[PDB]
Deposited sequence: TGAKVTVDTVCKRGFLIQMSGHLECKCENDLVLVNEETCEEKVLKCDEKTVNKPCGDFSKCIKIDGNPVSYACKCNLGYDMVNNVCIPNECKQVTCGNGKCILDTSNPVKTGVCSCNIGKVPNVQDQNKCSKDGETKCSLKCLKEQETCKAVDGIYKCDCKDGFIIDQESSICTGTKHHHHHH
């Protein structure tokens, strides 16, 4: 469903931007859903149908003679810049941010969620160009971690006086 501060990212971790939270996968894993990561198959064949080949994409059989196998985005997504994004985000550019879904209305619609420090700018097609502060909501319950701004996103990381599996 919708990722919150209480979502348990299976084989991933929580990140926060200006208008949403989402799970970020570990290693070279890919998203099978909003809160689950798995290994990515490298070649789609009859042995890898339905297995994940990317974020919100899995191998599927394509009809025809001869039949083929390819990495296709899940229902509700399409391939844009080699990544599966929601249909509502197809022609969307957010700037220093991401296009996410607003699902609060019967008609789902795409909005922008920005890197920490920016908010959508009504004077710039709602792109992530306006300065704005975002308070971090992450619960970094590990006794040695706190919320830090890493590469423009909020993320539980080692505190100001520790480094790297426990933060020590």
property	result
Deposited-sequence segments unaccounted for in the coordinates	1 to 2, 167 to 170, 175 to 183
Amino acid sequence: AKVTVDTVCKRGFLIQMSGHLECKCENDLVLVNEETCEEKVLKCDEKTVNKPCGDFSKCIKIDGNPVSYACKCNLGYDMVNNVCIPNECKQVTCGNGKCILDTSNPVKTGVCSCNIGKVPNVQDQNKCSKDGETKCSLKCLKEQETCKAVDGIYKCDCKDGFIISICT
From here on, numbers count along this sequence of modelled residues.
| property | result |
| --- | --- |
| Stretch exceeding the other in mean C-alpha B-factor - 6 to 14, 154 to 162 | 154 to 162 |
| Mean temperature factor over C-alpha atoms, higher-scoring stretch between 136 to 144 and 38 to 46 | 136 to 144 |
| CA B-factor ranking of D55, expressed as a third of its chain | middle |
| Position of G110 among the chain's modelled residues by C-alpha B-factor, lowest, middle or highest third | lowest |
| CA B-factor placement of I116, once the chain's modelled residues are sorted into thirds | middle |
| Lowest, middle or highest third - CA B-factor, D124 | middle |
| B-factor third for the C-alpha atom of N74 within its chain | middle |
